[PDB]
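Novice: This is the structure I want to talk about, given as structure tokens.
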């Protein structure tokens, strides 16, 4: 039911950390100009971002709240 990831066989979805604080996720089916799922997590105040890129179109990033 819920829409997750980008269907249609194999797809490339990678995420990057903007400003080493904010998390941005980019998901594309393949054409990169038809159906894309983009998510944005506004992390910056007392929040840390961790990303892992396989350089193969597959990357996973997560935002974790960090406190003093």
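In the numbering used here, the protein residues as written are 744 to 811. Ideal placement from N, C-alpha and C gives every residue a C-beta, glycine not left out.
#1: Can you tell which of 765, 754, 805, 785 has its C-alpha closest to the C-alpha of residue 772?
#2: Is the beta carbon of residue 749 closer than 8 angstroms to that of residue 792?
#3: For residue 758 and residue 810, what's the separation of their Cα atoms in angstroms?
#4: Looking at the secondary structure, which residues open and close the beta strand (DSSP E) in which residue 771 lies?
#5: Tell me which same chain residues have a C-beta within less than 8 angstroms of the C-beta of residue 756, skipping the five on either side of it?
Specialist: Quick answer:
#1: Of 765, 754, 805, 785, the residue nearest in Cα terms is 754.
#2: No, these two residues do not count as a Cβ contact at 8 angstroms.
#3: Going from the Cα of residue 758 to the Cα of residue 810 covers about 23 angstroms.
#4: Start and end: 765-771.
#5: Once the five neighbours on either side are set aside, the close Cβ partners of residue 756 are 748, 749, 768, 769, 770, 771, 780, 800, 801, 802.
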